[PDB]
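Participant:
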Amino acid sequence: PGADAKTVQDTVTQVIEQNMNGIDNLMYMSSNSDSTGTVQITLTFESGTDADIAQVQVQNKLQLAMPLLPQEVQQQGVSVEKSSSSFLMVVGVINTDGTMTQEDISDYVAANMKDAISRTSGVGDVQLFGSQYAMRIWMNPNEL
Amino acid sequence: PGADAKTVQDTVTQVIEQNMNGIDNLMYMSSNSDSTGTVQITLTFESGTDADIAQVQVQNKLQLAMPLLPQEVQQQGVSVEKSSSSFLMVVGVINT
Amino acid sequence: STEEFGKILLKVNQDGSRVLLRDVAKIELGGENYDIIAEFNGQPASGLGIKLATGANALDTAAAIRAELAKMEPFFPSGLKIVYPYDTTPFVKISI
Amino acid sequence: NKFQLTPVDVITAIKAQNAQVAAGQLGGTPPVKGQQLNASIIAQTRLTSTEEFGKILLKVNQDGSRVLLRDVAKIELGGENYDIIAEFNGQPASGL
Amino acid sequence: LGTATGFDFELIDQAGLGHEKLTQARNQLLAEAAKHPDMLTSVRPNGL
Amino acid sequence: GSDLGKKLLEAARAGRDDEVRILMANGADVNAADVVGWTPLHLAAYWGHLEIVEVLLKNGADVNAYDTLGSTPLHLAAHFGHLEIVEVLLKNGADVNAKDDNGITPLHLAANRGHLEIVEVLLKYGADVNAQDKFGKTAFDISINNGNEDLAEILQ
Amino acid sequence: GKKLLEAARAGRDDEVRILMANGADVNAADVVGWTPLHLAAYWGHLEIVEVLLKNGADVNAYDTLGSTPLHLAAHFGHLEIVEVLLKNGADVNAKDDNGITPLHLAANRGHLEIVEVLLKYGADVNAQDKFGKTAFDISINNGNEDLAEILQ
Amino acid sequence: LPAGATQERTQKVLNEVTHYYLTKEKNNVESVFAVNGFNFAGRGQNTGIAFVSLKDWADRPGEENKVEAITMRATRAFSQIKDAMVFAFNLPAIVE
Amino acid sequence: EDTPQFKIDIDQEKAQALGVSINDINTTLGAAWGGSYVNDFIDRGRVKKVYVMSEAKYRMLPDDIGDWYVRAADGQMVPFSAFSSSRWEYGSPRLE
Amino acid sequence: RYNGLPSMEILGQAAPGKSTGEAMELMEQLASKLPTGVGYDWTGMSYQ
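Protein chains in written order, with PDB author numbering: chain A, 50 to 193; chain B, 50 to 145; chain C, 242 to 337; chain D, 194 to 289; chain E, 674 to 721; chain F, 11 to 166; chain G, 15 to 166; chain H, 578 to 673; chain I, 722 to 817; chain J, 818 to 865.
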C-alpha cells in the first residue's frame, strides 16, 4: 500500500521470483510490479499439467519467500490462483432507485455477495469492481 | 488462550472464512467459535473429491491467511485435518 | 461505528482538556481503496469480474454462480438489482 | 569501542539508511476534484554500492565530527558464506 | 448419517442483524414449529 | 433457590407470559436470584418483557433489587432502551438515583446509549443530573464525549 | 501545441525542428514546469538543446522546485550540454529550493570533468545547500579523494 | 491515457466512450459496463476498460451490424479523441 | 512510459541532530501520503479494515510536504522541511 | 456460522408416520414467515 513500482519490485517481486525453482512443466514466468503497489507473477505450465499440483508447488516455494516480504505486504494477504486470464463474465450490480451511492453498492457487493461467489467451485478469480468499506481516518496535519 | 466466543470469532474465525476461496469442490462450510478459546471450521466437499487434494487446498489458503491472525494464535498454530469420526480403538491409560 | 472511532482519546492535556481522534481527523466510512469505479449504462454501478478456474467448465460454472446469486436476491436492500453486462457463456449455449 | 558503539548500533543504522520506503504519491485517490498532478513520491531506496554503505552515518559527536560506518568497518562485496571453495584441475572455479 | 425422518436446519443472518435478532428469529421459528406436532417433532437448537 | 424459583427465572428471561402467570398463581419466588444476583425482575428488564415486569411487580417483586455488582433493574431498562419498562418501574417505586458499585446511575447509562426519551422520563422523575461516577463524570460529560448534540442540550 | 515537450523528451530531431518552425512556444511547460530544455537536458539530447537554444529558449527556466536545465546535465553527467548551456548564458550559481547548485549535483554524483567546467565558468565553491554543505563537504563525505582535492 | 493523467481525465474519455455506444450504436449495443482504474495491460489512474454486450444476433442483420464492423467503426471514431489511446476489439476464438 | 516522480531526500545528519526518529519520518511521510492499514474493526458483523491517511487536501501539492510535522525526542515539532529536500525525476510506473 | 454468515443450527425429525420431505417442506414454509433478513439453508443429511 502506497509503494511505487521500484519499491514493489525490489522488495517483493524479486524476492518471490528468486524462490521459484524446481517446479515441474514450467514453460516460463512473467511478472509486473507497478505504481499502485501491486505485483502479478504469472507462472505458465506445459499444456497437460495438473493445475492443482502446479498450484501446490508454486505455493510451496512461495511459503519460503513469504516471511522475507514486508509486514504490510503480508498483511494485505498475498494470493495464489489458478485461473484463466480472461473474464468469464462480469456480474453487474446497480440500484434502480438512487437510495445507494456507488460506494454503498460496492460495499454491499463485497460484504454480502463476493465471498460466496469466490467460494464457488469453478471460480478461479473474483475481481471487485470497486471497494469494500473501511473505517477511514482522514488526518489533518494542522490539527495534528 | 483465554478468549471469549466473540473475540475468537471476530479475530480468527471470520478472517479464516474470509480467506477460504479458490478451493475446489466445496459444498458448504460451517464453523463454531466458543467460550473456551477454540474455533473449528469444517469444509465439506463433494462426494468423490480427493481428500488429500482438498486438505492441501484448504491448508494453502490458511497458510496465506495466517499473518492476518493475532500473535497469540499464530503462536499456537492452527491445525488442519481430515474429518473422520471413525476410531479403530481407544486405549485408556489410568493410574490405580 | 464512526462515532466510536472519533471518541478515541489521543492525549489528555496539561490543563485537563481532552484530545480525541475526531479532533484531528475526519472519521468516515469509505473504501479500502479508491481506484476502481464502475458505471453501468452511464448509471452508478459495482460488480464482480469472474475468471474461470483452470480447467473448470465454463457453462457449468456460470450456472453455479447464477444459483448462488439467486440465494442472495431476496435479502437485497430496496432498489438493488443484478444486471448481466458481459457474459461469454450464452454464445456457447446458443451456438451449440 | 573508540566511538562507543556496538554491532547493535551498526545494525540499526543499516536498517534505517538501507531502507526502501513506500512514500505515497501526489494526487493520489481519493483526490480533491480538479487535481492536475499525479506523481509517485520516492523516498529512500536500497543502497547499491560499497561506498553508499561506507557513508552510512552512525553518529555525530558534540564537537561536530561525524562517525561513519567505514570508520568502524571494512566494507566490501564478498559472499554470504566463505565455506565452499571449488577448484577445477586445481585451478580456481565455481560450479553448479 | 444421524436420523432418517430427521433433518438438519440452518437459520442464517443474511443482512447483518446480529446475535439478539437471530436468537429471536430462531425463537419464533421454534415456537411456530411446536404448534404443528403432527409434522414437526423434537425440533431443537443445536447450540448453547 | 427452589424448583419454581429457578423455573420462574427461566420463564421471565424468555418472556413466556403464560408460564409466568401460572408460576405466579403457584407462588413461585419473586426474589429467586441466579449466581450474579439477577432476579426475574432484572431478567425481564434486561430483555424487555413489559407484561412480565408488570406482573412481577404486582406480586411483590423487589424493584430496587440489586445484582452482585450493585445494579438494579432500572439500570438495565434505562441502558437497554425500554421506555415502557422504565416508566413502570419508576411509577412502581424504583430508585431513579441508584448507583451501581461504580457509581453509575440509570441516568448515566441512558445517556451513554443516547436514549433521550428515557433520559427525559428519568429527568421527569427527578434524576440528579449532577451525580457522578467513580471517575467523576456526569451524564452531560458522557454526552459531550460521545458528541450527542441533541442529548447534551437537554442535560444543559 | 506542446507536441514540442513530447518531441524534445522523445529525442525526435526533425519533429522538434518542424514544430519549432511552426511557432510553438520554446518555453512550453509541463505539469512540473519542465521546459523542452529541461527535458532535452535530462534525457541528454545534445542536438535538441542547440536547436532550442537557437530559437531563444529560456536557458534558466525553473521548475516547480526551482531546478534549471543546467542543474540536470550537471547531476547527470552530460558534459557537452553543460558547456553549451553555460556558454548560452546559464547561471552556474543557480539554486533550487533546497539551496542546491549544479556544482553540488555534479559533485555528489562524482562527475569530475563537469565539476571543472562549472568551476571554469566561475562556480562558487563555498555555496552551502540548505543544510550548510559545500561541494567539498560532499566529496569528503562521499569519500571521493580525486574530486575533494580538485575543490580548493 | 498518457503519463500521469488522473481519474478525471480518464473518466472524461470513458464518458465519451460510453457516450458513443449509447448514442451512435444504440441500434446495436445493449449494455456498456465501464470501469475507471484498469485495462488488461496496465492498472493505474490513466487507465480504463469497457465491457460491451450487443443486442441479439437477430436485431443485428448483416455484416455492418456484426462485431467486426462495429468495433472497427468504434475504434475509427475513437481515434479522434484528444490525448488518448482508445481501442475497441473483438475477443478471439481461442483466447490463448 | 516513464513519468515525473517526486524524490524526497531525508537528511540523516539533520534528522539526527534534531532528535527526530527516521522511523518517525518515514511512517509520518508514509501513512499520510500513502495510507496505512492499522487494524480491523467490525462493521455490521463483518470484519473490515481501518485505514489512516491524509485528507485529500493535505496530500495534493508538492508544497504540502512541508505542512507535516514529526515530534523530536525533546518534544519539539519539526517541519518536514527542516530535514528534507526535493527534485523531480523520471521513474517507471510499470516495471516488467 | 454457515457459509460465511452467522447462523443457528436447528435439528428435528418428521412426526410419527410423516416423511422428511414433508417435515422439511413445512420448516421451509414456516421459515418464510420469519423476520426480513433471515434466511435458511439445509445442511448435512438434509443437504444430501
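Note that the Cβ used here is the ideal one computed from N, Cα and C, for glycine as well.
What does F664/H pair with, by DSSP beta-bridge criteria?
Facilitator: For the purposes of this step, residue 664/H is taken as residue 87 along the eighth sequence, with counting starting at 1. According to DSSP, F664/H bridges with nothing at all.
Participant: Give the single residue among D53/B, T93/B, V127/B and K131/B whose Cα lies nearest to the Cα of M115/B.
Facilitator: On the second sequence, residue 115/B is found 66 positions in, with the first residue counted as 1. The candidate whose alpha carbon is nearest that of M115/B is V127/B.
Participant: For my contact list, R586/H and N623/H are in at a C-beta cut-off of 8 Å; report their separation, rounded to the angstrom.
Facilitator: Against the eighth sequence, residue 586/H aligns to sequence position 9. Against the eighth sequence, residue 623/H aligns to sequence position 46. So it is a contact: roughly 7 Å between Cβ atoms.
Participant: Hey, how far is the Cα of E269/C from the Cα of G220/D?
Facilitator: Locating residue 269/C in the third sequence gives position 28, counting from the first residue. Locating residue 220/D in the fourth sequence gives position 27, counting from the first residue. Approximately 20 Å, taken between the alpha carbons.
Participant: Within the 8 Å Cβ cut-off, does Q123/B reach chain I?
Facilitator: Indexing the second sequence from 1 puts residue 123/B at position 74. Closer than 8 Å: no.
Participant: Output needed for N254/C: all residues of its chain with C-beta closer than 7 Å, excluding positions within five of it in sequence on either side, in chain order.
Facilitator: As a first step, residue 254/C is located in the third sequence; it is residue number 13 there, counting from the start. So the qualifying residues of the chain are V260.
Participant: Consult DSSP for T243/C and reduce its assignment to one of helix, strand or coil.
Facilitator: Within the third sequence, the letter at position 2 stands for residue 243/C. Reduced to three states, the DSSP call for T243/C is helix.
Participant: Under 6 Å Cβ to Cβ from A752/I, same chain only, skipping five residues before and after it: list those, please.
Facilitator: In the ninth sequence, residue 752/I corresponds to position 31, counting from 1. So the list reads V773, once near-sequence residues are dropped.
Participant: Please find out if some non-hydrogen atom of the ligand FMN comes closer than 7 Å to the beta-carbon of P50/B.
Facilitator: Ligands in the displayed structure: none, and consequently the ligand FMN is not present.
Participant: Closer than 8 Å between beta carbons: that is the criterion. Which residues of the region 271 to 292 of chain C meet it against chain H?
Facilitator: Taking 8 Å as the Cβ-Cβ cut-off against chain H, the residues of the region 271 to 292 of chain C that qualify are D276, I277, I278, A279, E280, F281, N282, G283, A286 and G288.
Participant: Alpha carbon to alpha carbon, how far is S80/B from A159/A?
Facilitator: Here residue 80/B is taken as the residue at index 31 of the second sequence, counted from 1. Here residue 159/A is taken as the residue at index 110 of the first sequence, counted from 1. About 21 Å.
Participant: Rank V57/A, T91/A and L117/A by C-alpha distance to the C-alpha of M78/A and give the top, closest one.
Facilitator: If you number the first sequence from 1, residue 78/A lands on position 29. Residue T91/A is the option with its Cα nearest to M78/A.
Participant: Which residue spans inside the region 91 to 115 of chain B form an unbroken alpha helix (DSSP H) run of at least 4?
Facilitator: Runs found: 100 to 114.
Participant: In its own chain, which residues sit with a C-beta less than 6 Å from the C-beta of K109/F, not counting the 5 before and 5 after it?
Facilitator: Here residue 109/F corresponds to residue number 99 of the sixth sequence, with the count starting at 1. Within the same chain, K109/F has close Cβ partners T115.
Participant: Taking CB distances under 8 Å as the criterion, tell me whether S258/D reaches chain I.
Facilitator: Numbered from its first residue, the fourth sequence carries residue 258/D at position 65. Output row for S258/D: interface = no.
Participant: What residues in its chain sit with their C-beta under 6 Å from that of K252/D, if we drop five residues either side in the sequence?
Facilitator: Position 59 of the fourth sequence, counted from the start, is the residue given in the question as residue 252/D. Counting only Cβ-Cβ distances below 6 Å, and skipping sequence neighbours, we find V260.
Participant: With distances taken from CA atoms, which of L67/F, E64/F and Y76/F is nearest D44/F?
Facilitator: The sequence position of residue 44/F within the sixth sequence is 34, counting from 1. That would be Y76/F, whose Cα lies nearest to the Cα of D44/F.
Participant: I need the straight-line Cα distance from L668/H to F332/C, nearest angstrom please.
Facilitator: Here the question's residue 668/H lines up with position 91 in the eighth sequence. Here the question's residue 332/C lines up with position 91 in the third sequence. Cα-Cα distance, rounded: 13 Å.
Participant: Does the beta-carbon distance from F804/I to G787/I come in below 8 Å?
Facilitator: Residue 804/I sits at position 83 when you count from the first residue of the ninth sequence. Residue 787/I sits at position 66 when you count from the first residue of the ninth sequence. Not a contact, by the Cβ cut-off of 8 Å.
Participant: If distances are taken between C-alpha atoms only, which option among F281/D, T238/D, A286/D and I277/D comes closest to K208/D?
Facilitator: Your numbering for residue 208/D matches position 15 in the fourth sequence. Per the Cα distances, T238/D.
Participant: Can you check whether the CB of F316/C is closer than 8 Å to the CB of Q701/E?
Facilitator: Here residue 701/E refers to the residue found at position 28 of the fifth sequence. Here residue 316/C refers to the residue found at position 75 of the third sequence. Cβ distance not < 8 Å, so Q701/E and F316/C don't count as in contact.
Participant: Return the chain-ordered list of same chain residues with a C-beta closer than 7 Å to the C-beta of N144/A, the five sequence neighbours on each side being excluded.
Facilitator: The count along the first sequence starts at 1 and reaches residue 144/A at position 95. Counting only Cβ-Cβ distances below 7 Å, and skipping sequence neighbours, we find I154.
Participant: Between the region 746 to 766 of chain I and chain B, which residues of the former have a C-beta closer than 7 Å to a C-beta of the latter?
Facilitator: Cβ contacts with chain B: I763.
Participant: Run through DSSP, which three-state label would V799/I get?
Facilitator: Walking along the ninth sequence from the start, residue 799/I turns up at place 78. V799/I: strand per DSSP, three-state reduction.
Participant: Does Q151/A pass the burial test, meaning 16 or more other C-beta atoms within 10 Å, or should it be called exposed?
Facilitator: Start at 1 with the first residue of the first sequence, and residue 151/A comes out as number 102. When all chains shown are included, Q151/A counts as buried.
Participant: Under 8 Å, CB to CB, which of the residues in the region 61 to 74 of chain B have a partner in chain I?
Facilitator: Of all residues in the region 61 to 74 of chain B, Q63, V64 and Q67 have a Cβ within less than 8 Å of some Cβ in chain I.
Participant: Taking any Cβ of chain A, which residues in the region 210 to 221 of chain D have a Cβ under 9 Å from it, in chain order?
Facilitator: Under the 9 Å Cβ criterion, the region 210 to 221 of chain D contributes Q213, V214, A215, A216, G217, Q218 and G221.
Participant: Straight-line CA distance for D764/I to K248/D?
Facilitator: Taking the first residue of the ninth sequence as 1, we reach residue 764/I at position 43. Taking the first residue of the fourth sequence as 1, we reach residue 248/D at position 55. Approximately 49 Å, taken between the alpha carbons.
Participant: Which residues in the same chain have their Cβ closer than 8 Å to the Cβ of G288/D, if we skip the five residues on either side of it in sequence?
Facilitator: The residue labelled residue 288/D in the question sits at position 95 within the fourth sequence. Excluding sequence neighbours, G288/D sits near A279 and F281.
Participant: Which residues mark the beginning and the end of the beta strand (DSSP E) in which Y182/A is found?
Facilitator: Locating residue 182/A in the first sequence gives position 133, counting from the first residue. That run of the beta strand (DSSP E) goes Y182 to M188.
Participant: Could you check if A21/G is buried or exposed, using at least 16 other CB atoms within 10 Å of its CB as the buried criterion?
Facilitator: In the seventh sequence, counting from the first residue as 1, residue 21/G sits at position 7. Its Cβ being crowded by 16 or more others within 10 Å, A21/G is buried.
Participant: Check the Cβ of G689/E against every Cβ in chain I and list those closer than 8 Å, keeping chain order.
Facilitator: Within the fifth sequence, numbered from 1, the residue matching residue 689/E stands at position 16. Chain I residues near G689/E: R765, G766 and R767.
Participant: Beta-carbon separation of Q104/B and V129/B under 8 Å?
Facilitator: To locate residue 104/B, count along the second sequence from 1; it is residue 55. To locate residue 129/B, count along the second sequence from 1; it is residue 80. Cβ atoms of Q104/B and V129/B: closer than 8 Å.
Participant: Taking 8 Å as the threshold (beta carbon to beta carbon), is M78/B in contact with chain M?
Facilitator: In the structure shown, chain M does not exist; the protein chains are A, B, C, D, E, F, G, H, I and J.
Participant: Would you check if the distance between the CB atom of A141/F and the CB atom of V129/F is smaller than 8 Å?
Facilitator: Taking the first residue of the sixth sequence as position 1, residue 141/F is located at position 131. Taking the first residue of the sixth sequence as position 1, residue 129/F is located at position 119. Going by C-beta atoms, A141/F is not nearer than 8 Å to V129/F.
Participant: Check whether chain D comes within 8 Å of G51/A, counting only Cβ atoms and requiring the distance to be less than that.
Facilitator: If you number the first sequence from 1, residue 51/A lands on position 2. At least one chain D Cβ lies under 8 Å of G51/A.
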